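Protein chains in written order, with the entry's author numbering: chain A, 3377 to 3440, 3454 to 3564; chain B, 2053 to 2122; chain C, 436 to 869; chain D, 1111 to 1316, 1414 to 1854, 1889 to 1929; chain E, 2 to 108. Cβ atoms here follow ideal geometry from the backbone N, Cα and C, with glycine treated the same way. Below is one structure, written out as structure tokens; the observations come after it.
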Amino acid sequence: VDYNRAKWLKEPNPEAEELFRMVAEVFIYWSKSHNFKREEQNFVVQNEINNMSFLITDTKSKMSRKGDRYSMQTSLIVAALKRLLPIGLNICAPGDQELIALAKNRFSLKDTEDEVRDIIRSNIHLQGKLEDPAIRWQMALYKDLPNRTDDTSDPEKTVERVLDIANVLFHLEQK
Amino acid sequence: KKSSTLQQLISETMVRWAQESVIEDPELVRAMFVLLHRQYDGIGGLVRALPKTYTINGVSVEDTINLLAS
Amino acid sequence: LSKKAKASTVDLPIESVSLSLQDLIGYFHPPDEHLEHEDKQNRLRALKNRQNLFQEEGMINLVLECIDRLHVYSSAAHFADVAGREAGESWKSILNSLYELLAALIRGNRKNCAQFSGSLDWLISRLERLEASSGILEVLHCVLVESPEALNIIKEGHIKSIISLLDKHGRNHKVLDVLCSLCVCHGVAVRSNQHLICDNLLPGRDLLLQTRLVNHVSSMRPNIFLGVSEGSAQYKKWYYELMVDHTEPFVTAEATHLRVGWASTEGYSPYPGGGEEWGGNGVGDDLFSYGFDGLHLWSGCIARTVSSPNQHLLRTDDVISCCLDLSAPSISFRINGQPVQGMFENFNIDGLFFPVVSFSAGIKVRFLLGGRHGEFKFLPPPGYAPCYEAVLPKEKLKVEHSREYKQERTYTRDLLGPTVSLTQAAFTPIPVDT
Amino acid sequence: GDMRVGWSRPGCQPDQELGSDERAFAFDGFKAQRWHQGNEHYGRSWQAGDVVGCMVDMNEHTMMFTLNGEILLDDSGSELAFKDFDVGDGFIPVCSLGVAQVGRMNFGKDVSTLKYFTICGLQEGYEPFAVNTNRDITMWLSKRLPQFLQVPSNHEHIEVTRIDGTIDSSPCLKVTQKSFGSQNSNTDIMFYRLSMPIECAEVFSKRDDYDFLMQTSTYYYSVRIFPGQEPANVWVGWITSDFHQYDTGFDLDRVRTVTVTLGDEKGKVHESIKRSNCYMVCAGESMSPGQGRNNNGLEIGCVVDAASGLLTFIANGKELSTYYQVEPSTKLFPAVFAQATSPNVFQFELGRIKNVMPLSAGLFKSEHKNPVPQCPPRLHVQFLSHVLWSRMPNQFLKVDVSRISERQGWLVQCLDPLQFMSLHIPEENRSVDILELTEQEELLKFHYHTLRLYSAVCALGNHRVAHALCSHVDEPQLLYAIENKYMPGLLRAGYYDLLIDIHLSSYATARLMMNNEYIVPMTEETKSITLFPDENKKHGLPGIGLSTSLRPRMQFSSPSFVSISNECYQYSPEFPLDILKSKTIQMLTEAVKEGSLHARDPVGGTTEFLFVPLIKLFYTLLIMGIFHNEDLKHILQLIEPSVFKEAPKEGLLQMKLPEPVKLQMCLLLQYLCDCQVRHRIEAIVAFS
Amino acid sequence: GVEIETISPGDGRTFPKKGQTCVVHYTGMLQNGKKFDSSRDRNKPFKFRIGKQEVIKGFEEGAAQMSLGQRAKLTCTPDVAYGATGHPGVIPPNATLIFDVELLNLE
């Protein structure tokens, strides 16, 4: 992904979307499961894997004590999630990311699936005053070139994407 | 409908400003409300103006101009 | 302490006076603006009542007497030599607190300021003293703002003393504010004060900052560097020409700038030295450049008029021949083939020289460097060589900006750091010692 | 190569490495390092042609760097280059370039020009630094030529003590070395001077005696080199304002000099003028015969005869052989160049000797006949320093250079005019661009109060003072200050007020004072007036129409200073009203369009500074009645396009203005209502 | 008592005479180089009639001995310019004045 990331950014890929959806459940299960924490800790210490050695070998060609054996911050799963995060960010836009943001804050105040979904469904309707620049000149300047479009996404798939990117971001900011 | 008139435009604008923000300048508040009262009291404008209105013939124009200059 | 009775019998309450002055300043402190309107009005009413009571009891004269008795001494050390070290350590602070208390007593009180109008003359007499200038200025500002009688009392001598305070103490905007208060108070102008301040402050043009519109001036030079050293291989005598195709004498209200001559670098660095890089200055505006403008020889931002047959400012169809002789340092000019009865000489020769033209907007000029870079209109003087012969074999002759930054888009502008020294320009071969 | 890029605090020093202190956070790709208060390893090294994207989040207090789009990573897994910094005064883009290094900074005014913004930063909600701007961001770069500035009270090495003059002594300015005898002490030479110059006579004419002391134009000062300081490391004399030569190795044989030789038509050199910026002597050679070097502090006395432009020196009660002859009108600053070899280096002594006036007499015109030596607070010690910035101009001259042909040479052509307003400091004999007062604060405050004083002295119809002020602030200056977009807000407001007060205030006040009185002559023009323009009872545009009521006559005088008629000291000075009106209309249209989009860079720095002076000038012209017909239609459409339309654009009324702008708009609407009332009165008279 | 340097030569034959109105552009400068007056700043040619004491006398002789179309620098001593009184607010006492006068037209 680190090698071919620019190409998917230039040309959106349903396979990349599927991979992001895939690692979303991996990350949420990683956050939810508790015994899995000490279990991975034990597995790593039994393997004596440097973990960061893979990234060091990657950045070795480009020349790019307390935590020598292992570290919380450099987990492989969160590293993969943050490397695939630009795909999610390019799929999404701020125009639904504002309600995705108060979706994260609802998750922080412990709103579960049902109320999150219905609150999003209710508050999609909040339109602005008929100038509001960031949203309209972004989307209009982008799509007034008529031929290329992504509008073929369904509202239910949009809701599911809102939910999963929101939970990924919420877990990431928690940890 | 739209204001279409200076008086209506001013009457709308003063009220819109006053109800849009709490004006911190007493001078601004006084000017706004003076203007609004002028808009709603167009008769009083003529009541004030007419006593200070005077007409003259064409032969006294230059002398009146000189007197006004002095 | 005065009257030569200096002893331990003195009864100076230095600490008590300091504490009481601080307490009184706090007592007369004006209300804060962050307070609610009604509380602010109540505090203002209480402050005005306190000021009126103090004025009626005659506290202003007591403060003035204390200030005078403290001012009979000239310095903190002079005071300490009579009163003691402890009193000297606080003489300045007590004077400052007394002035602050006076200002707080009379601030915002028209009656108090009108009564102080009588003593206003005595206040200004000590404006020059450094230990009391700020306090006296604050008191004067308050009195002049509040009382027209103060303006009526103020005369020419006081205004001239204030302007002398500007002259001696530097640029202080509070003095300008005091002068503004002298000019206008309560919407009523004082013509006498306005005329006095104008006639005594403006014509000097030595205190207030002066403003003027200046034409932007740019410079052009060939990529040629001429230098003389010991054991160098460089020729010493050089010649070039500049001929003017068009010149508008006044594109704007300011005369068009057009100077031609030579300029030197600051010790082998390619960057011209001794002058700014943006605008306003041209050839001969520093001690690193030597210019001719048709009537004057320019150097060090100083112009000397020079005689020539039918002398005139540079105009259309004028050919200027510039000669640089580094053997015996000299720079000479010839206008339209006629010699110019003036010459630069005995200048610094540690550095690299180059032809240069400085100009404002409204010119068309042409460099003639000899050979295939501009045929000379006149035969160069014997010994002198054309400037195109100084091109290094690898490089190509080119006319470019003398400075690094020109008109260009900001995102495409090249920001340049310091440049390497052109030590290779002077070829001095040093063989290995044998 | 050796380049750094990042974010700097406003107080960052121009002569210190980026990140070598607390004032800047930088990335150095020469060694793949991060820089703030030290050095740590971060990221990789760029090659030639790379693009480094600098990213700041002042909400989360984070900093990031990207190389060709890819985010640079720390030695650990952290993407953040810096994590915990206070906001302070904010951050500005900054870069540092070493020897022979070339870089380009792109603030993203045109987002399409950014190379890797879309790859990283666009999706993370990062805004380009100049996205919401109308004009190019001004650039400030470290100055090359050192300038003389007053020694700071917090200087690391130099300390200046002011010693008052007693009965038995003279005023003294003592220079001491703070850090001597401790390491990192500056062994380099320092160049000190006095803040005020002695100016020679304009034309040269080819106890003590009081009459001679009053008639003389000779001034004196001295320098005491203390024991323990090597006299061979101290130079004493005078310098001009042109002196900028900061050299570690200084000697009298390498000062800038020239000789202008002027002769007759055929040889016959009739004059030779030797010009230089440094007229000084070395104390070591000044000693000359055998002394103990320490019996008393060396006292080198400098004597300047301004009436003849002659500079002489005294070693110890003994005239030195070295002397100088300066050109007329030269301004000479007392100067000492010293390489400190002791905690106590030297001291200026502003005394006097027999038959010579002190330095204060020539420095201050108020003390021109005061033999008593003085050291007023204006006179202070300045030192040559490199801690200064230069403002890169927003526009350069367009010069076209091209090789026409082999025969014709190289053509250089420049035709488009360009000007800047120059602020001249009189005592320092230097000039700056007035746009540098955006960063120079004390000068900005003093000049704003100077403009206020200019307004005050001519306030309320002082036509003589207004005419005099026209000599100091001419109308090209006024127009340039009105139109310039980079002017500081305070100066812009001051110059607008100055223009109004000098040229427009008198007649505007006269019309406002006659405003509420309607004297309508009974003429055919008066009789032709009707309440409504046509059969349809539709109000006409206020102000537009035929008005016959008597008005004060508008008259102006030419501010010439070569005439002696004096009859022009009535009436305000004349100003180009057509040009002023056109510029006002154009500037107001531009201001409306620019403030509609709520830019980050309004003219003057704030919306108040952008609109209040412009609207004040517009209202003053409207009161004067200069506007007519089409200009009135344009200004009314600017105020309110919908109501005043003649049979998404929003006028000033629907613009979300600040309170002062609202007050001025209230004044404008008041004037429009007054115009309507006047029209009604005239129509009533016509019917009557 | 005034004296003149040429800057741009004129026609050399046509000179101001008595009863004629000179139309000129000038730029008034103090001896230190500080500008105090300029007709080019006001974009209005200055018109004055010979021998009517309309302007300062040094400027008068300078313009009189200039020619048509000529540009010249005029140096004027205080005694012919303003004397010891000076011009209040503009010209300091005993100030020598330098002008850059171009004689545009003669009416």
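Residue i versus residue j: straight-line alpha-carbon distance, rounded
{"i": "D/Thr1468", "j": "C/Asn781", "result": "10 Å"}
{"i": "C/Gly852", "j": "C/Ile784", "result": "26 Å"}
{"i": "D/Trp1250", "j": "D/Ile1202", "result": "11 Å"}
{"i": "C/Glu581", "j": "C/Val623", "result": "13 Å"}
{"i": "C/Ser560", "j": "D/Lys1692", "result": "46 Å"}
{"i": "E/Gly2", "j": "D/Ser1772", "result": "21 Å"}
{"i": "C/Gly493", "j": "C/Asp556", "result": "19 Å"}
{"i": "A/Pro3390", "j": "C/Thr847", "result": "38 Å"}
{"i": "A/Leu3470", "j": "A/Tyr3405", "result": "13 Å"}
{"i": "A/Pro3483", "j": "A/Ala3523", "result": "9 Å"}
{"i": "C/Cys758", "j": "D/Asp1160", "result": "47 Å"}
{"i": "A/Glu3393", "j": "A/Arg3472", "result": "13 Å"}
{"i": "C/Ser724", "j": "D/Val1902", "result": "52 Å"}
Element boundaries [beta strand (DSSP E), containing residue i]
{"i": "D/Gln1589", "result": "1588 to 1592"}
{"i": "C/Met778", "result": "773 to 780"}
{"i": "D/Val1543", "result": "1538 to 1545"}
{"i": "D/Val1619", "result": "1616 to 1621"}
N-terminal and C-terminal residue of the alpha helix (DSSP H) that residue i is part of
{"i": "D/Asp1167", "result": "Unbroken run through D/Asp1167 is the beta strand (DSSP E), 1162 to 1167; no alpha helix (DSSP H)."}
{"i": "A/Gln3417", "result": "3411 to 3423"}
{"i": "C/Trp713", "result": "No alpha helix (DSSP H) contains C/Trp713, which DSSP labels as neither H nor E."}
{"i": "B/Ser2063", "result": "2058 to 2072"}
{"i": "D/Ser1609", "result": "Not the alpha helix (DSSP H): D/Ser1609 falls in the beta strand (DSSP E), residues 1606 to 1612."}
{"i": "C/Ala538", "result": "520 to 541"}
{"i": "D/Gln1532", "result": "Taken as a continuous stretch (DSSP letters only), D/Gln1532 belongs to no alpha helix (DSSP H), being part of the beta strand (DSSP E) at 1526 to 1532."}
{"i": "A/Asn3389", "result": "Where A/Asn3389 is concerned, there is no enclosing alpha helix (DSSP H), given that its DSSP letter is neither H nor E."}
{"i": "C/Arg640", "result": "No alpha helix (DSSP H) contains C/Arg640, which DSSP labels as neither H nor E."}
{"i": "D/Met1761", "result": "D/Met1761 -> no alpha helix (DSSP H), and no H or E assigned at all."}
Contacting residues, own chain, Cβ-Cβ under 7 Å from residue i (five flanking each side not counted)
{"i": "C/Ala690", "result": "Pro684"}
Residue j beta carbon less than 8 Å from that of residue i
{"i": "C/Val695", "j": "C/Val741", "result": "no"}
{"i": "D/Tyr1778", "j": "D/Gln1762", "result": "yes"}
{"i": "C/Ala860", "j": "C/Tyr703", "result": "yes"}
{"i": "D/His1631", "j": "C/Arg647", "result": "yes"}
{"i": "D/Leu1828", "j": "D/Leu1909", "result": "no"}
{"i": "C/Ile597", "j": "C/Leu614", "result": "yes"}
{"i": "C/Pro815", "j": "E/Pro93", "result": "no"}
{"i": "D/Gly1558", "j": "D/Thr1537", "result": "no"}
{"i": "D/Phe1825", "j": "D/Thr1791", "result": "yes"}
Nonlocal neighbours in the same chain, by C-beta distance under 6 Å from residue i, ignoring five residues either side
{"i": "E/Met67", "result": "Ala73, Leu104"}
Identified DSSP bridge partners for residue i
{"i": "A/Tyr3531", "result": "In the DSSP output, where bridge partners are listed per residue, A/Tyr3531 has none listed."}
{"i": "D/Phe1140", "result": "Its beta-bridge partners do not exist; DSSP assigns none."}
{"i": "C/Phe794", "result": "C/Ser653, C/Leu693"}
{"i": "C/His731", "result": "C/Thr740"}
{"i": "D/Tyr1426", "result": "D/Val1511, D/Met1564"}
{"i": "D/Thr1468", "result": "C/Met778, D/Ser1479"}
Against chain G, which members of the region 740 to 773 of chain C pass a CB distance test of less than 9 Å? The question asks about chain G, but that chain is absent: this structure's protein chains are A, B, C, D and E.
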